[PDB]
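Reproduced below: coords-v8.cif, with mmCIF, C-alpha atoms; chains and numbers go by the auth columns.
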data_run
loop_
_atom_site.group_PDB
_atom_site.id
_atom_site.type_symbol
_atom_site.label_atom_id
_atom_site.label_comp_id
_atom_site.label_asym_id
_atom_site.label_seq_id
_atom_site.Cartn_x
_atom_site.Cartn_y
_atom_site.Cartn_z
_atom_site.B_iso_or_equiv
_atom_site.auth_seq_id
_atom_site.auth_asym_id
ATOM 1 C CA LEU A 1 113.112 113.996 127.556 0.00 14 A
ATOM 2 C CA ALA A 2 115.687 111.304 126.794 0.00 15 A
ATOM 3 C CA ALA A 3 116.849 113.437 123.860 0.00 16 A
ATOM 4 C CA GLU A 4 118.090 116.142 126.241 0.00 17 A
ATOM 5 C CA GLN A 5 120.051 113.622 128.324 0.00 18 A
ATOM 6 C CA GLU A 6 121.557 112.052 125.201 0.00 19 A
ATOM 7 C CA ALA A 7 122.529 115.515 123.936 0.00 20 A
ATOM 8 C CA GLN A 8 124.156 116.254 127.297 0.00 21 A
ATOM 9 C CA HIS A 9 126.119 113.006 126.982 0.00 22 A
ATOM 10 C CA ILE A 10 127.107 114.016 123.439 0.00 23 A
ATOM 11 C CA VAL A 11 128.366 117.385 124.698 0.00 24 A
ATOM 12 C CA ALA A 12 130.290 115.644 127.483 0.00 25 A
ATOM 13 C CA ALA A 13 131.932 113.306 124.962 0.00 26 A
ATOM 14 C CA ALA A 14 132.732 116.264 122.696 0.00 27 A
ATOM 15 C CA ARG A 15 134.513 117.985 125.588 0.00 28 A
ATOM 16 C CA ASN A 16 136.240 114.699 126.440 0.00 29 A
ATOM 17 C CA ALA A 17 137.580 114.631 122.877 0.00 30 A
ATOM 18 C CA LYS A 18 139.474 117.897 123.370 0.00 31 A
ATOM 19 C CA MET A 19 140.537 116.752 126.837 0.00 32 A
ATOM 20 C CA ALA A 20 141.892 113.414 125.588 0.00 33 A
ATOM 21 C CA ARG A 21 143.748 114.937 122.636 0.00 34 A
ATOM 22 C CA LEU A 22 145.636 117.323 124.927 0.00 35 A
ATOM 23 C CA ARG A 23 146.217 114.600 127.527 0.00 36 A
ATOM 24 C CA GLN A 24 147.658 112.204 124.943 0.00 37 A
ATOM 25 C CA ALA A 25 149.837 114.851 123.271 0.00 38 A
ATOM 26 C CA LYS A 26 152.012 115.316 126.366 0.00 39 A
ATOM 27 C CA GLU A 27 152.436 111.567 126.897 0.00 40 A
ATOM 28 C CA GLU A 28 153.222 111.028 123.209 0.00 41 A
ATOM 29 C CA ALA A 29 155.920 113.683 123.456 0.00 42 A
ATOM 30 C CA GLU A 30 157.594 111.171 125.778 0.00 43 A
ATOM 31 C CA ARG A 31 157.408 108.494 123.066 0.00 44 A
ATOM 32 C CA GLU A 32 158.933 110.890 120.531 0.00 45 A
ATOM 33 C CA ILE A 33 161.711 111.751 122.990 0.00 46 A
ATOM 34 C CA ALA A 34 162.279 108.028 123.581 0.00 47 A
ATOM 35 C CA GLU A 35 162.675 107.401 119.849 0.00 48 A
ATOM 36 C CA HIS A 36 165.111 110.320 119.633 0.00 49 A
ATOM 37 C CA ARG A 37 167.037 108.967 122.632 0.00 50 A
ATOM 38 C CA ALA A 38 167.289 105.516 121.050 0.00 51 A
ATOM 39 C CA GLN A 39 168.588 107.040 117.815 0.00 52 A
ATOM 40 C CA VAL A 40 171.131 109.111 119.759 0.00 53 A
ATOM 41 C CA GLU A 41 172.224 106.263 122.050 0.00 54 A
ATOM 42 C CA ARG A 42 172.974 104.268 118.915 0.00 55 A
ATOM 43 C CA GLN B 1 108.391 108.078 118.574 0.00 12 B
ATOM 44 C CA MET B 2 110.183 111.204 117.369 0.00 13 B
ATOM 45 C CA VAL B 3 111.559 111.954 120.847 0.00 14 B
ATOM 46 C CA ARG B 4 112.905 108.411 121.237 0.00 15 B
ATOM 47 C CA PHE B 5 114.426 108.490 117.745 0.00 16 B
ATOM 48 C CA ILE B 6 116.096 111.835 118.493 0.00 17 B
ATOM 49 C CA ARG B 7 117.420 110.400 121.762 0.00 18 B
ATOM 50 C CA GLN B 8 118.844 107.408 119.884 0.00 19 B
ATOM 51 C CA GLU B 9 120.438 109.718 117.306 0.00 20 B
ATOM 52 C CA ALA B 10 122.000 111.861 120.038 0.00 21 B
ATOM 53 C CA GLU B 11 123.265 108.716 121.777 0.00 22 B
ATOM 54 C CA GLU B 12 124.858 107.671 118.481 0.00 23 B
ATOM 55 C CA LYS B 13 126.397 111.149 118.268 0.00 24 B
ATOM 56 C CA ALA B 14 127.761 110.721 121.804 0.00 25 B
ATOM 57 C CA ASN B 15 129.262 107.361 120.831 0.00 26 B
ATOM 58 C CA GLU B 16 130.806 108.970 117.745 0.00 27 B
ATOM 59 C CA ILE B 17 132.238 111.785 119.882 0.00 28 B
ATOM 60 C CA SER B 18 133.768 109.277 122.309 0.00 29 B
ATOM 61 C CA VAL B 19 135.223 107.343 119.368 0.00 30 B
ATOM 62 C CA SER B 20 136.615 110.672 118.154 0.00 31 B
ATOM 63 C CA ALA B 21 138.131 111.218 121.606 0.00 32 B
ATOM 64 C CA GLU B 22 139.921 107.867 121.421 0.00 33 B
ATOM 65 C CA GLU B 23 140.914 108.544 117.805 0.00 34 B
ATOM 66 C CA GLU B 24 142.340 111.947 118.767 0.00 35 B
ATOM 67 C CA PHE B 25 144.328 110.407 121.617 0.00 36 B
ATOM 68 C CA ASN B 26 145.763 107.811 119.225 0.00 37 B
ATOM 69 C CA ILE B 27 146.296 110.584 116.663 0.00 38 B
ATOM 70 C CA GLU B 28 148.392 112.577 119.122 0.00 39 B
ATOM 71 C CA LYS B 29 150.266 109.371 119.979 0.00 40 B
ATOM 72 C CA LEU B 30 151.093 108.753 116.311 0.00 41 B
ATOM 73 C CA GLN B 31 151.717 112.394 115.371 0.00 42 B
ATOM 74 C CA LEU B 32 154.261 112.959 118.138 0.00 43 B
ATOM 75 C CA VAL B 33 156.262 110.041 116.735 0.00 44 B
ATOM 76 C CA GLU B 34 155.671 111.379 113.220 0.00 45 B
ATOM 77 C CA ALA B 35 158.042 114.063 111.839 0.00 46 B
ATOM 78 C CA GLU B 36 160.692 113.055 114.407 0.00 47 B
ATOM 79 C CA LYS B 37 162.779 111.365 111.707 0.00 48 B
ATOM 80 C CA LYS B 38 163.642 114.664 110.009 0.00 49 B
ATOM 81 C CA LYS B 39 164.430 116.293 113.361 0.00 50 B
ATOM 82 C CA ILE B 40 166.803 113.448 114.241 0.00 51 B
ATOM 83 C CA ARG B 41 168.336 113.630 110.759 0.00 52 B
ATOM 84 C CA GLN B 42 169.117 117.336 111.089 0.00 53 B
ATOM 85 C CA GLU B 43 170.106 116.945 114.746 0.00 54 B
ATOM 86 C CA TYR B 44 172.114 113.710 114.921 0.00 55 B
ATOM 87 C CA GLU B 45 174.038 112.880 111.732 0.00 56 B
ATOM 88 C CA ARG B 46 174.113 116.450 110.441 0.00 57 B
ATOM 89 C CA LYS B 47 175.916 117.359 113.665 0.00 58 B
ATOM 90 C CA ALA C 1 96.225 137.243 108.667 0.00 162 C
ATOM 91 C CA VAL C 2 98.402 140.224 109.641 0.00 163 C
ATOM 92 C CA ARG C 3 99.902 141.539 112.892 0.00 164 C
ATOM 93 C CA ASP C 4 99.021 138.340 114.750 0.00 165 C
ATOM 94 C CA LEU C 5 102.122 138.664 116.956 0.00 166 C
ATOM 95 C CA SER C 6 100.210 141.148 119.130 0.00 167 C
ATOM 96 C CA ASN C 7 97.989 138.207 120.165 0.00 168 C
ATOM 97 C CA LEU C 8 100.853 135.707 120.448 0.00 169 C
ATOM 98 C CA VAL C 9 101.160 133.240 123.328 0.00 170 C
ATOM 99 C CA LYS C 10 104.397 134.881 124.518 0.00 171 C
ATOM 100 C CA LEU C 11 108.275 124.196 121.139 0.00 181 C
ATOM 101 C CA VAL C 12 105.367 126.313 119.890 0.00 182 C
ATOM 102 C CA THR C 13 104.993 128.592 116.879 0.00 183 C
ATOM 103 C CA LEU C 14 102.633 131.396 115.900 0.00 184 C
ATOM 104 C CA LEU C 15 99.798 129.433 114.280 0.00 185 C
ATOM 105 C CA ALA C 16 96.409 130.425 115.768 0.00 186 C
ATOM 106 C CA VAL C 17 94.596 127.625 113.955 0.00 187 C
ATOM 107 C CA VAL C 18 91.099 129.035 113.399 0.00 188 C
ATOM 108 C CA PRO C 19 88.309 126.977 111.722 0.00 189 C
ATOM 109 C CA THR C 20 97.584 115.311 118.454 0.00 204 C
ATOM 110 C CA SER C 21 98.604 112.275 120.498 0.00 205 C
ATOM 111 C CA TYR C 22 102.308 111.449 120.184 0.00 206 C
ATOM 112 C CA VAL C 23 105.367 110.627 122.285 0.00 207 C
ATOM 113 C CA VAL C 24 106.134 114.373 122.338 0.00 208 C
ATOM 114 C CA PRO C 25 104.745 116.206 125.404 0.00 209 C
ATOM 115 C CA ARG C 26 101.538 117.331 123.696 0.00 210 C
ATOM 116 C CA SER C 27 99.897 117.916 127.112 0.00 211 C
ATOM 117 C CA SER C 28 100.022 121.697 126.765 0.00 212 C
ATOM 118 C CA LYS C 29 97.841 124.572 125.587 0.00 213 C
ATOM 119 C CA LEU C 30 99.354 127.756 124.172 0.00 214 C
ATOM 120 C CA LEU C 31 97.939 131.148 125.154 0.00 215 C
ATOM 121 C CA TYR C 32 97.675 132.371 121.542 0.00 216 C
ATOM 122 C CA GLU C 33 94.078 133.562 121.992 0.00 217 C
ATOM 123 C CA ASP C 34 92.802 136.996 120.979 0.00 218 C
ATOM 124 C CA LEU C 35 91.552 132.148 118.003 0.00 223 C
ATOM 125 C CA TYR C 36 92.596 129.012 119.888 0.00 224 C
ATOM 126 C CA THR C 37 95.559 126.683 120.363 0.00 225 C
ATOM 127 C CA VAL C 38 95.938 122.916 120.020 0.00 226 C
ATOM 128 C CA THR C 39 97.935 120.214 121.779 0.00 227 C
ATOM 129 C CA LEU C 40 101.434 120.274 120.291 0.00 228 C
ATOM 130 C CA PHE C 41 105.107 120.111 121.214 0.00 229 C
ATOM 131 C CA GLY C 42 108.362 120.996 119.493 0.00 230 C
ATOM 132 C CA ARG C 43 109.979 117.652 120.303 0.00 231 C
ATOM 133 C CA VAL C 44 108.109 116.235 117.284 0.00 232 C
ATOM 134 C CA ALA C 45 107.636 118.399 114.198 0.00 233 C
ATOM 135 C CA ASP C 46 104.810 116.086 113.114 0.00 234 C
ATOM 136 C CA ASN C 47 102.703 116.949 116.169 0.00 235 C
ATOM 137 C CA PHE C 48 103.149 120.698 115.651 0.00 236 C
ATOM 138 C CA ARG C 49 102.338 120.354 111.949 0.00 237 C
ATOM 139 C CA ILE C 50 99.197 118.340 112.739 0.00 238 C
ATOM 140 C CA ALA C 51 98.078 120.870 115.353 0.00 239 C
ATOM 141 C CA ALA C 52 98.832 123.903 113.138 0.00 240 C
ATOM 142 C CA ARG C 53 98.367 123.345 109.390 0.00 241 C
ATOM 143 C CA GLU C 54 98.381 119.644 108.404 0.00 242 C
ATOM 144 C CA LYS C 55 94.573 119.478 108.175 0.00 243 C
ATOM 145 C CA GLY C 56 91.435 121.336 109.199 0.00 244 C
ATOM 146 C CA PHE C 57 92.185 124.738 110.698 0.00 245 C
ATOM 147 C CA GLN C 58 94.909 126.792 109.011 0.00 246 C
ATOM 148 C CA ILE C 59 97.835 128.496 110.729 0.00 247 C
ATOM 149 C CA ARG C 60 97.492 132.275 110.700 0.00 248 C
ATOM 150 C CA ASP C 61 100.555 134.296 109.727 0.00 249 C
ATOM 151 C CA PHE C 62 102.060 136.549 112.398 0.00 250 C
ATOM 152 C CA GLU C 63 104.819 139.106 112.750 0.00 251 C
ATOM 153 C CA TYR C 64 108.093 137.279 113.320 0.00 252 C
ATOM 154 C CA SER C 65 108.526 138.442 116.929 0.00 253 C
ATOM 155 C CA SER C 66 106.412 140.104 119.601 0.00 254 C
ATOM 156 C CA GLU C 67 109.035 142.844 119.315 0.00 255 C
ATOM 157 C CA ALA C 68 107.778 143.329 115.753 0.00 256 C
ATOM 158 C CA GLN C 69 104.275 143.816 117.171 0.00 257 C
ATOM 159 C CA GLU C 70 105.621 146.345 119.686 0.00 258 C
ATOM 160 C CA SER C 71 107.449 148.186 116.897 0.00 259 C
ATOM 161 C CA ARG C 72 104.231 148.169 114.865 0.00 260 C
ATOM 162 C CA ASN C 73 102.365 149.676 117.825 0.00 261 C
ATOM 163 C CA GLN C 74 105.047 152.349 118.263 0.00 262 C
ATOM 164 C CA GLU C 75 104.939 153.132 114.538 0.00 263 C
ATOM 165 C CA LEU C 76 101.145 153.323 114.797 0.00 264 C
ATOM 166 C CA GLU C 77 101.512 155.854 117.611 0.00 265 C
ATOM 167 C CA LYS C 78 103.987 157.857 115.515 0.00 266 C
ATOM 168 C CA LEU C 79 101.679 157.663 112.485 0.00 267 C
ATOM 169 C CA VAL C 80 98.732 158.848 114.576 0.00 268 C
ATOM 170 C CA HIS C 81 100.925 161.706 115.799 0.00 269 C
ATOM 171 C CA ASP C 82 101.847 162.631 112.217 0.00 270 C
ATOM 172 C CA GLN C 83 98.218 162.432 111.062 0.00 271 C
ATOM 173 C CA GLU C 84 97.110 164.552 114.022 0.00 272 C
ATOM 174 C CA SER C 85 99.847 167.030 113.113 0.00 273 C
ATOM 175 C CA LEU C 86 98.640 167.211 109.508 0.00 274 C
ATOM 176 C CA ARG C 87 95.032 167.507 110.686 0.00 275 C
ATOM 177 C CA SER C 88 95.547 170.112 113.434 0.00 276 C
ATOM 178 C CA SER C 89 98.852 171.998 113.138 0.00 277 C
ATOM 179 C CA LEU C 90 99.175 171.644 109.373 0.00 278 C
ATOM 180 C CA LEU C 91 95.442 172.370 109.186 0.00 279 C
ATOM 181 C CA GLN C 92 96.019 175.633 111.065 0.00 280 C
ATOM 182 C CA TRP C 93 98.910 176.356 108.700 0.00 281 C
ATOM 183 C CA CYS C 94 96.544 175.639 105.802 0.00 282 C
ATOM 184 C CA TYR C 95 93.960 178.006 107.299 0.00 283 C
ATOM 185 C CA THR C 96 96.624 180.707 107.615 0.00 284 C
ATOM 186 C CA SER C 97 97.628 180.037 104.004 0.00 285 C
ATOM 187 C CA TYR C 98 93.967 180.303 102.984 0.00 286 C
ATOM 188 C CA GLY C 99 93.690 183.649 104.756 0.00 287 C
ATOM 189 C CA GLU C 100 96.880 184.831 103.064 0.00 288 C
ATOM 190 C CA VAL C 101 95.542 183.633 99.701 0.00 289 C
ATOM 191 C CA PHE C 102 92.280 185.485 100.321 0.00 290 C
ATOM 192 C CA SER C 103 94.261 188.631 101.139 0.00 291 C
ATOM 193 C CA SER C 104 96.377 188.191 98.000 0.00 292 C
ATOM 194 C CA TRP C 105 93.272 187.624 95.868 0.00 293 C
ATOM 195 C CA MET C 106 91.710 190.754 97.360 0.00 294 C
ATOM 196 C CA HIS C 107 94.879 192.714 96.567 0.00 295 C
ATOM 197 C CA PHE C 108 94.916 191.377 93.000 0.00 296 C
ATOM 198 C CA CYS C 109 91.234 192.257 92.607 0.00 297 C
ATOM 199 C CA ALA C 110 91.964 195.757 93.912 0.00 298 C
ATOM 200 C CA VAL C 111 94.805 196.082 91.393 0.00 299 C
ATOM 201 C CA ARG C 112 92.500 194.904 88.601 0.00 300 C
ATOM 202 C CA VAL C 113 89.826 197.374 89.726 0.00 301 C
ATOM 203 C CA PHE C 114 92.414 200.164 89.725 0.00 302 C
ATOM 204 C CA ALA C 115 93.439 199.169 86.196 0.00 303 C
ATOM 205 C CA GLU C 116 89.792 199.142 85.094 0.00 304 C
ATOM 206 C CA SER C 117 89.270 202.579 86.649 0.00 305 C
ATOM 207 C CA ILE C 118 92.381 203.906 84.892 0.00 306 C
ATOM 208 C CA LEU C 119 90.924 202.528 81.662 0.00 307 C
ATOM 209 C CA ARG C 120 87.527 204.122 82.372 0.00 308 C
ATOM 210 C CA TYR C 121 88.800 207.280 84.120 0.00 309 C
ATOM 211 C CA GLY C 122 91.965 209.272 84.726 0.00 310 C
ATOM 212 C CA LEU C 123 95.227 207.345 84.589 0.00 311 C
ATOM 213 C CA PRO C 124 96.470 208.301 88.115 0.00 312 C
ATOM 214 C CA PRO C 125 95.304 205.860 90.818 0.00 313 C
ATOM 215 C CA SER C 126 91.738 206.670 91.868 0.00 314 C
ATOM 216 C CA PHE C 127 88.976 204.183 92.717 0.00 315 C
ATOM 217 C CA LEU C 128 85.584 204.400 94.426 0.00 316 C
ATOM 218 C CA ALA C 129 84.345 200.843 93.856 0.00 317 C
ATOM 219 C CA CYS C 130 82.921 198.419 96.415 0.00 318 C
ATOM 220 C CA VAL C 131 83.061 194.667 97.007 0.00 319 C
ATOM 221 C CA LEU C 132 80.386 192.441 98.543 0.00 320 C
ATOM 222 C CA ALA C 133 78.576 189.113 98.168 0.00 321 C
ATOM 223 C CA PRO C 134 74.894 189.796 97.418 0.00 322 C
ATOM 224 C CA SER C 135 72.289 187.558 95.805 0.00 323 C
ATOM 225 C CA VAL C 136 71.469 187.417 92.097 0.00 324 C
ATOM 226 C CA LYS C 137 68.788 190.076 92.541 0.00 325 C
ATOM 227 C CA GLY C 138 71.396 192.090 94.422 0.00 326 C
ATOM 228 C CA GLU C 139 73.692 191.848 91.407 0.00 327 C
ATOM 229 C CA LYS C 140 70.781 192.929 89.202 0.00 328 C
ATOM 230 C CA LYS C 141 70.202 195.965 91.432 0.00 329 C
ATOM 231 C CA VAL C 142 73.925 196.767 91.303 0.00 330 C
ATOM 232 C CA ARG C 143 73.814 196.569 87.501 0.00 331 C
ATOM 233 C CA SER C 144 70.769 198.851 87.459 0.00 332 C
ATOM 234 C CA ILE C 145 72.629 201.358 89.645 0.00 333 C
ATOM 235 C CA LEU C 146 75.862 201.185 87.620 0.00 334 C
ATOM 236 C CA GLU C 147 74.406 200.967 84.093 0.00 335 C
ATOM 237 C CA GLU C 148 75.974 204.404 83.590 0.00 336 C
ATOM 238 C CA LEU C 149 79.410 202.719 83.496 0.00 337 C
ATOM 239 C CA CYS C 150 78.961 199.189 82.144 0.00 338 C
ATOM 240 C CA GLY C 151 81.424 196.976 80.305 0.00 339 C
#

C-alpha cells encoding of this file:
Amino acid sequence: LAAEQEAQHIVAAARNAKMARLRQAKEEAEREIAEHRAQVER
Amino acid sequence: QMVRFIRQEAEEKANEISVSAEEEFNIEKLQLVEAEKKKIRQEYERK
Amino acid sequence: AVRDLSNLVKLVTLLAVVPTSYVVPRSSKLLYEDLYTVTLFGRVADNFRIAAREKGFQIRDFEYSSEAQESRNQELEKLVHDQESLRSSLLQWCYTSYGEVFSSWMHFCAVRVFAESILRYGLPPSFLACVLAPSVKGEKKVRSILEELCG
C-alpha cells in the first residue's frame, strides 16, 4: 500500500533529522570558533 | 479511501520530519554560536 | 462465545461473525472456521467493523491469543488428571477409609456389646454374642431365641 511507502519515507526523514543535527553541529562549531577568533583578534 | 488518507498523513509526517531535520541543522548552527559570549568573556577580558 | 481462540484463523481480528468493498485489500478470507469469515482488511478499520460487528452477524468473543487457547487446553488436561485422581486414587483412598471406618465401627460395637454384657453379667470381660445381617423375620427369630435376656 502507499501508506507503507509513505511510512518508510517518514522513517527515512526521521533518521535524516538525527543525521543532519549531528552534521550541522560540527560545522557550527567552526562558526563559534570563528566568532571567538574575531573577538580575540580584536 | 482510508488507505489513501493514511498514505497522505504519513507523507505529511515525512514532510514534517524533513522540516524538523532542517530545523535541527539550523538549531545546531544557532546553538553553537549561542553561549559563546560568556566563554569569551571569561576567556578573553578576564585573562 | 467462549474459548473461540481454539478455532482462530491463526489485519484481521477474532470475530467469527455467525448469523465489504473498500480501497483496503478486502480480497481475503480468514480461516476462522470451526463459523465463517468475511472480506476485510486492517488497512481500513471501517471495513473490518463492517465485516465483523457493524450490522448483521455479530463478532464472537475469543481468548486473547491462541496461546491462551493452548493454556486452556493444558489446564483442561491438568484438570482431567486431577479429577481422575480424585475419582480413582482418592476413590481408592476413600474405599480404604470406608474399610477402616467399618473396622472402627465394628470395634465400637464390640466394646458396646462388652459393656452390655458387663451390665447383664459379670463385670470382667466376657461375651458370647454374634453379629449378622438377617431379614426382619430373622430378627424376630433372634428375639424369640434371646427373649431370656431382653432389654

| said: Please identify all residues of chain C having at least one atom at most 9 Å from any atom of chain B, considering only C-alpha atoms, and return them as a ChimeraX atom specification. | reply: /C:206-208,231-234

| field | 12 Å contact set for region 291-305 of chain C, only C-alpha atoms, chain neighbours under 2 positions out, as a PyMOL selection string | value | chain C and resi 284-289+307-320+337-339

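Within 12 Å of chain C, and counting only C-alpha atoms, chain A contributes residues 14, 15, 16 and 17 of chain A.
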
| request: Quick one: everything within 8 Å of residue 35 (chain B), counting only C-alpha atoms, minus sequence neighbours fewer than 4 positions away in the same chain. Send it as a PyMOL selection string. | output: (chain A and resi 30+33-34) or (chain B and resi 31+39)

| task | Return as an NGL selection string the residues belonging to chain A that are within 7 Å of chain B, counting all atoms listed in the file. | result | :A and (15-16 or 19-20 or 22-23 or 26-27 or 29-30 or 33-34 or 37-38 or 41-42 or 44-45 or 49 or 53)

Selection above as a file: C-alpha atoms, as a compact mmCIF listing (two decimals), keeping the file's coordinate frame:
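Ended up saving to part09.txt:
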# COMPACT_ATOMS: atom_id res chain seq x y z
CA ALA A 15 115.69 111.30 126.79
CA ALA A 16 116.85 113.44 123.86
CA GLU A 19 121.56 112.05 125.20
CA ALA A 20 122.53 115.52 123.94
CA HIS A 22 126.12 113.01 126.98
CA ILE A 23 127.11 114.02 123.44
CA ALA A 26 131.93 113.31 124.96
CA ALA A 27 132.73 116.26 122.70
CA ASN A 29 136.24 114.70 126.44
CA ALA A 30 137.58 114.63 122.88
CA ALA A 33 141.89 113.41 125.59
CA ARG A 34 143.75 114.94 122.64
CA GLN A 37 147.66 112.20 124.94
CA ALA A 38 149.84 114.85 123.27
CA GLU A 41 153.22 111.03 123.21
CA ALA A 42 155.92 113.68 123.46
CA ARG A 44 157.41 108.49 123.07
CA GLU A 45 158.93 110.89 120.53
CA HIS A 49 165.11 110.32 119.63
CA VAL A 53 171.13 109.11 119.76

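Taking CA of residue 162 (chain C) as the reference point, CA of residue 249 (chain C) is found at 5.3 Å.
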
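Between CA of residue 261 (chain C) and CA of residue 216 (chain C) lies a distance of 18.3 Å.
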
| So how many Å separate CA of residue 163 (chain C) and CA of residue 251 (chain C), to one decimal? | 7.2 Å

| query | Applied to the shown file, which residues does the PyMOL selection byres ((chain C and resi 189) around 8) return, written as JSON, numbers by chain? | reply | {"C": [187, 188, 244, 245, 246]}

Using 3 Å of padding on each side, determine the axis-aligned box around all atoms of region 25-42 of chain B present in the file and give its centre and edge lengths in Å to one decimal, as JSON.
{"center_x": 139.7, "center_y": 110.0, "center_z": 118.8, "size_x": 30.0, "size_y": 11.2, "size_z": 12.9}
